[PDB]
Amino acid sequence: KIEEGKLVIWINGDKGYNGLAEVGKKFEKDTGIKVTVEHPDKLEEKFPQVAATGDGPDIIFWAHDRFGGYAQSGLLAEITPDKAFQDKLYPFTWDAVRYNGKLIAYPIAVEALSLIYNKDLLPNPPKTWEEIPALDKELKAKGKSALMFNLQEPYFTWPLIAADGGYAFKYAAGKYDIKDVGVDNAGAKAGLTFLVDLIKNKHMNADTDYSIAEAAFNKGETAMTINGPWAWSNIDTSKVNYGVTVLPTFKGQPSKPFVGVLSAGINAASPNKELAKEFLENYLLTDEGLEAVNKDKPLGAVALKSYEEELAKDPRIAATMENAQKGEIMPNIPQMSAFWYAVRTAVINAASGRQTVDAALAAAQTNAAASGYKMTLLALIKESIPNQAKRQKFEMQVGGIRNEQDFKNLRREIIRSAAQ
Ligand SMILES: OC[C@H]1O[C@H](O[C@H]2[C@H](O)[C@@H](O)[C@@H](O)O[C@@H]2CO)[C@H](O)[C@@H](O)[C@@H]1O
């Protein structure tokens, strides 16, 4: 269902899609091939749904963490840049988009969260998370608040969760151990507990989302926010005097943001793979192309060495890199999606007070560790249990799996049932 002789590109709504459309226009000027840039909601969830049916965009942009899951599902074409091209990008950015020994996307830019602060409200930003409650008390007395950031996406809370020892999957000898998840260890609980105490003491609101935090910062209502390089354009036009700096420490340890490499993958079902490669290699990944996108919404530290060098003196980028150095480049393994879903629920339920930190993180740990078992059984049920009421009841039971033994016990009932 994907049309031949044109390029449809999907990119997130917080990125420079207008600048990306300018690169599309230069492609059109040169080749007469139409480039259409779209920014659908929930695109990282929408892509695997549509592309599995052989549909969707020719090119998809997202951070590299989602791509191993897409590759594993056979949704992506292997990309074929020659050595001369590969040498133009930082080698570690290629590593981020390598899956089972194959390159599965073009790396574009390195993104890390930083602390963004209003220099007029707060000339010297706090070095520690611990000093933020006292600062908020002081600012509330002037009708302001200390900190607002998106509490609906776990990406923004992760740096604090990881600071004292939270981790996604343990890295042991070149590989991530999908059995060893670190979302309910003592460090993770300490970080989430700190965040939930900020909410309990009314230094933040559980309902704060991206739009609310951005508006409050850009209007001068809050002294600090946590956000990525894409956010800087809007702060520029707002005429807040702002700085970008290292995230605060927690229990004397740096905050450790998960670092994303914005990446562009080619849909396995695209009839336009050679056009996609030509657009990405010869138009986007050039000084000219990245500058167009960057001018729209900043990219971060770009993967293309020549242009990265030109931008690096910007202290906002220097702070991005300092934060990236303290954090870790995300895994790209297929288990990342369930990890993020699990942590999103934990943070939302703990912050709303619907669950305690300990209960919220224990459930997230289980969901992340058992996600493979649960997917296997849901697939098995769908293929082998024709009675819909029986199937729904099995699906309910899958939701209750805590571990490998639970998985085996339920699999036995599903096999027994299908063979009746
Ligand atoms: O919140 C979980 C979410 O985090 C990351 O998504 C980031 C993305 O990397 C950034 O480019 C920017 O758009 O903000 C997003 C957070 O809202 C992961 O890349 C993503 O897979 C994960 O679901």
Side-chain angles (χ1 to χ4, degrees), residues 10-17 20 39-49 60-73 75-76 93 96-97 99 104-105 107-114 116 149-162 166 168-169 183 192 195 208-214 225-234 256-265 293-294 296-303 320 323-324 327-351 364 367-368 371:
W10 285 3
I11 187 160
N12 207 38
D14 58 5
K15 307 303 195 276
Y17 56 79
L20 184 54
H39 50 97
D41 289 333
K42 303 191 167 177
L43 82 81
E44 84 282 14
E45 295 181 342
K46 213 169 163 191
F47 178 81
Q49 289 161 1
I60 172 174
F61 281 80
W62 196 261
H64 66 100
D65 61 301
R66 286 274 159 178
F67 285 70
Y70 304 157
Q72 191 59 42
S73 301
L75 311 177
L76 296 171
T93 67
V97 296
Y99 182 73
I104 57 163
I108 310 300
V110 180
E111 310 172 342
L113 292 171
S114 295
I116 303 174
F149 68 97
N150 186 4
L151 301 175
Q152 306 315 304
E153 283 292 342
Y155 181 73
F156 298 82
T157 297
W158 190 252
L160 173 55
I161 300 172
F169 300 99
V183 318
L192 188 50
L195 188 95
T208 305
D209 67 6
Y210 193 92
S211 282
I212 286 158
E214 177 177 46
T225 184
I226 289 171
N227 222 323
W230 53 85
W232 305 336
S233 293
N234 285 348
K256 303 198 353 188
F258 250 151
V259 177
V261 173
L262 175 69
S263 298
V293 178
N294 196 65
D296 183 5
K297 303 292 165 128
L299 284 167
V302 305
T320 303
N323 283 131
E328 269 176 48
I329 283 178
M330 292 181 272
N332 66 11
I333 65 183
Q335 295 75 15
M336 287 298 296
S337 182
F339 159 79
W340 282 127
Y341 196 85
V343 181
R344 180 169 71 185
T345 301
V347 171
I348 287 168
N349 285 353
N367 282 331
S371 61

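One is the number of the first residue; the rest follow in order along the sequence. Only this structure's heavy atoms are used, side chains among them; waters, hydrogens and symmetry mates stay out. First listed ligand is number 1; within each ligand, the first listed atom is number 1.
- Between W158 and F258, the ring-plane angle classifies as parallel under the 30° and 60° cut-offs.
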Run through all N or O atoms in ligand 1 and write down each protein N or O closer than 3.5 Å, as a pair with its distance.
unit_1   : atom_1 : unit_2 : atom_2 : d
ligand 1 : 1 (O)  : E153   : OE1    : 2.7
ligand 1 : 1 (O)  : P154   : N      : 3.4
ligand 1 : 1 (O)  : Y155   : N      : 3.1
ligand 1 : 11 (O) : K15    : NZ     : 2.7
ligand 1 : 11 (O) : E111   : OE1    : 2.8
ligand 1 : 13 (O) : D14    : OD2    : 2.8
ligand 1 : 13 (O) : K15    : NZ     : 3.2
ligand 1 : 19 (O) : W62    : NE1    : 3.4
ligand 1 : 19 (O) : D65    : OD1    : 2.7
ligand 1 : 21 (O) : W62    : NE1    : 3.3
ligand 1 : 21 (O) : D65    : OD2    : 2.6
ligand 1 : 21 (O) : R66    : NE     : 2.9
ligand 1 : 23 (O) : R66    : NH2    : 2.7

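- Across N12, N234, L20, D14, a single residue satisfies side-chain contact (heavy atoms from CB on, under 4.5 Å) together with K297, and that is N234.
- When the side-chain hydrogen bond (donor to acceptor under 3.5 Å, both in side chains) test is applied to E328, the partners found at least two apart in sequence or on another chain are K256.
- In summary, of the residues considered (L192, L195, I226), a side-chain contact (heavy atoms from CB on, under 4.5 Å) with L160 occurs for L195 alone.
- Qualifying side-chain hydrogen bond (donor to acceptor under 3.5 Å, both in side chains) partners for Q72, counting only residues two or more places apart in sequence or in other chains: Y99.
- For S337, the side-chain hydrogen bond (donor to acceptor under 3.5 Å, both in side chains) criterion is met by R66, not counting sequence neighbours.
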